[PDB]
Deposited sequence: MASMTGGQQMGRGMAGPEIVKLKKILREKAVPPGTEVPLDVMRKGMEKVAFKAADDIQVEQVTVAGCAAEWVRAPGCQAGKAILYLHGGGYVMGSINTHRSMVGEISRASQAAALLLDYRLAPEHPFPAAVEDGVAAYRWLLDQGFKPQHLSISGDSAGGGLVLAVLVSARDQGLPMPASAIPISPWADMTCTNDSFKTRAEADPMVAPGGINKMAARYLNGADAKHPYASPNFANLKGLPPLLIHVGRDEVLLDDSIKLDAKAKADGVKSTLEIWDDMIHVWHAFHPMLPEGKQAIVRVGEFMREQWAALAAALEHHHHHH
């Protein structure tokens, strides 16, 4: 365990809201916004509108023309924005030498499931319509957005859309039931009831085992190669271990990497965490690997 994770872990526990205090949604929304890291200042950005949602193209130096990432941000389907995620996506754009399409898809509870999925399938459609070739495309996302990547892949496939060259779920939430062992097993280690309220807000009485809400229950047959990142010290470890096994079973090329000592979407702490940067370099490597194949 490197010094930085030890310290980041301390700071997160020190800063945390006490266990079982219920923080209103607009208060989690404002705080996620206020604490967001600024994107590096060589990240360029262009505001676009895509399938009715605000988005930004997010281009680091060195982007190959014609390549793109549909990027789906985390936040439990209730919170998160282009702004909360510009930083880490800018760095994923740097690593993969591809510009990122950063979608501001519809959030619950104002827009429950399957709104988010519709926004992603439609953003991907939009990309193909602009003339990106599926083989020049990748879809990445974190937390809820990592589940969404998978939900978008399944929905797009069922709608006859072509699969992209690759997909990279980071710390995917792929199971709205939240019943996995790791919720108990990895509980102390994870510095990071609150997740249940999110599922409840997103689903709005939908079946929690609906394939497009909970892709760990979907038929993944025909999805492109997967890089799954997850941290050993997270409550969502199991979502990723089961995703990998479902993918493998379903004939999908999956590579799961459990990084030891790491927390939920530790990529996002790349400014002070060497593994955050390292895990991002590796997402860009795997994207680039898959585009060369």
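Where C-alpha coordinates are absent, the deposited sequence of this PDB chain has the segments 1 to 14, 207 to 209, 311 to 322.
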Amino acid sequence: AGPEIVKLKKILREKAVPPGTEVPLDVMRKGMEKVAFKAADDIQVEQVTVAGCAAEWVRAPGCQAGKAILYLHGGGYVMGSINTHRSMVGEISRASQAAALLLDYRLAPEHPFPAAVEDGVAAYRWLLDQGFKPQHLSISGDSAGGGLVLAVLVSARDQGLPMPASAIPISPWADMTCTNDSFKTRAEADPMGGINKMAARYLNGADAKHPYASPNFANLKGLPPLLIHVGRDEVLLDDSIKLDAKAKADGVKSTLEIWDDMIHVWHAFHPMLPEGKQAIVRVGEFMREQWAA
From here on, numbers count along this sequence of modelled residues.
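Here the stretch with the larger average CA B-factor, out of 31 to 39 and 249 to 257, is 31 to 39.
Annotation for 167 to 175 versus 126 to 134: the higher mean temperature factor (C-alpha) is found in 126 to 134. Per the PDB entry, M192 shows the highest C-alpha temperature factor of the residues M192, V117, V89, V78. Highest C-alpha temperature factor among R186, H210, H73, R157, as the PDB entry reports it: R186. Among the modelled residues of the chain, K67 sits in the middle third by CA temperature factor in this PDB entry.
For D233, the recorded CA temperature factor ranks within the middle third of the chain's modelled residues. Per the PDB record, residue ranking by Cα B-factor puts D26 in the highest third of the chain. Per-chain ranking of the deposited C-alpha B factor places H111 in the middle third. In the PDB entry, a CA B factor belonging to the middle third of its chain's modelled residues is recorded for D244.
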